[PDB]
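Same chain, two versions here, written out as structure tokens and called structure 1 and structure 2.
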Structure 1
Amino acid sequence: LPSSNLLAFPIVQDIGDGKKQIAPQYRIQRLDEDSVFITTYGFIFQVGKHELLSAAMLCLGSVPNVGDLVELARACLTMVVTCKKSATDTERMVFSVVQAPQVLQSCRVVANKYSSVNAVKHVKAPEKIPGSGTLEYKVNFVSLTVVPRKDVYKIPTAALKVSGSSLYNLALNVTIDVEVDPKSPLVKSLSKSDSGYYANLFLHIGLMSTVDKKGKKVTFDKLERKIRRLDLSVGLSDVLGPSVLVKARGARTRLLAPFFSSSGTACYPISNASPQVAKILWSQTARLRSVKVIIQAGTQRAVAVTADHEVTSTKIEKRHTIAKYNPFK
């Protein structure tokens, strides 16, 4: 009965259970060099009478952390936005900002007056969106996150693809508990817990050497120490989109260096990792259920024929969560 459950639309001018219409809502995560990252969520409608078409997410960029955050979230609802389909190598949603408040002028989207973004990642059901006709995007949810810019360093794509015979792929087996109404049609795609329901996400976060300087097998017993030394913490956030933040408290080997910032931090947008999980996290409050570090072979060909190793000597700290929305006032 949280109103954000309607961000699952069409998988389900307003209505829901049970005040049977919904108000605008905001949430604010504090992860505190600080900026405030702004994500909005809402609905694509065909203007008629209005036919609700799909939920959608439009992230605006970031602004300095000054002023009353509640008042900033308020201003985000005063935008007027149109949208239309386009394509490049894949389908896009193009959002045109018709009007917006002054504080926002500073974020890339508003200054630019447009955002052309990957449709599958920002629209729940882009197949329900007509390729012509008069479409509008109405914001109902504002998600702000306060965090140092340096702390949401994204790993270059090329680094995440590096593979090699003499390397081990480091990954996280992440399970995420998700609050879902048992009769929701979303249950169908989740795993069933004894407590409720959860999503699986397998995330690549590092590389390690199969050998010690110039010689022998790394004892495969003691990759484990190297990993404990890394000292990982993992959390969830909305930083322009649901994302897994990972921190290494400990020093990094040379192979692991490009996988973290100079302050031991890495942000992994889920919509690149798993577009379907990301979209579930739009509508449901969610929390890390467990995080296991896994060592796999360092090429995909080898992964196919060789047993994964689960690292058991660690206990990953699980920290921040994707927080509940609240009405204004």
Structure 2
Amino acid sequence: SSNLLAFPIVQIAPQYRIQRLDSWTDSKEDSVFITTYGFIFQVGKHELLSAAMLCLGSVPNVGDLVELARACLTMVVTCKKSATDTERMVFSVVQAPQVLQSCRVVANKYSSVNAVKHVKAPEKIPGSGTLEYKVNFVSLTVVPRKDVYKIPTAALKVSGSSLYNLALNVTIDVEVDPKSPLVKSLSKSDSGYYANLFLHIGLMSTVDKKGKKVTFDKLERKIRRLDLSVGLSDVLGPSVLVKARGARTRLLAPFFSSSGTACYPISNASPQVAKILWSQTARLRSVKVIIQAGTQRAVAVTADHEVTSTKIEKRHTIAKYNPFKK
């Protein structure tokens, strides 16, 4: 049923799901992030163009959370194409419930986002006419605001001839009917289908000591003491969560919040993986920590070195929706 979020790549109840991250860190739960999913209709006839996603920001953790989710359905939102350097979709908030009044989108009264990351098929969205964005799915994440820390892009773009590029080779088991049109773009394994995602997660030195030179010994040892665990989530749209239990070298520090966490929205890492995850439940299959050369030029002519795996947090997945009570 949440499988229709693949539209148009393919008697319809509103659904919700809550993910609790209270335990991820001992940071105190304090916030509830809201990500809505639904459909773009061309008003007047009334025709479904495309599935879409819209993060609202977050509100304080209070009250019946299932109520909060109900309230998210009574938003009235329209939208239109715009562009800057790329195509944007601009959502106008026409009506919102009181409990949403402090969140980013509702207080601003609009949200302008990259079109490809938030609309299944922007090519099917016309350049004019009135468009309604109908909220049908509400995904909530209870989490300390502190812990949801997106790495600034400037930081992800640092490179150096004597740095290694720390990445994860991430495979994601996605629950999908073997007969869905989506299967065409996934890999198959004896068990089922997975999606591949390569993610740059930090920087490591080639050089020990302000002398040279670090070895495959003390990089396996540096990373193990970092002690990484990785999961999936909807805060910020479909996202990879990474946590280090061990202190960060000087270099790794911009890649983790002060409570050791980082959230990588897949929308930015791999926009196609992200939109598959709008429609399908999914859990992490494996996450192998990779060291690559520290500049793209070097990466071309040098072999990747697989170090180890991370713990997979099996509680942190893209979970199944539930319909509203009668």
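Just so we're on the same page, residue numbers count up from 1 along structure 1's sequence. By rigid core we mean the largest C-alpha set that fits within 1.5 Å across both forms.
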Comparing between structures 1 and 2 on the rigid core, is the C-alpha shift at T314 2 Å or larger? yes
Rigid core fit between structures 1 and 2: Cα deviation of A251 in angstrom: 1.3
Between structures 1 and 2, C-alpha offset at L240 (rigid core aligned, Å): 2.1
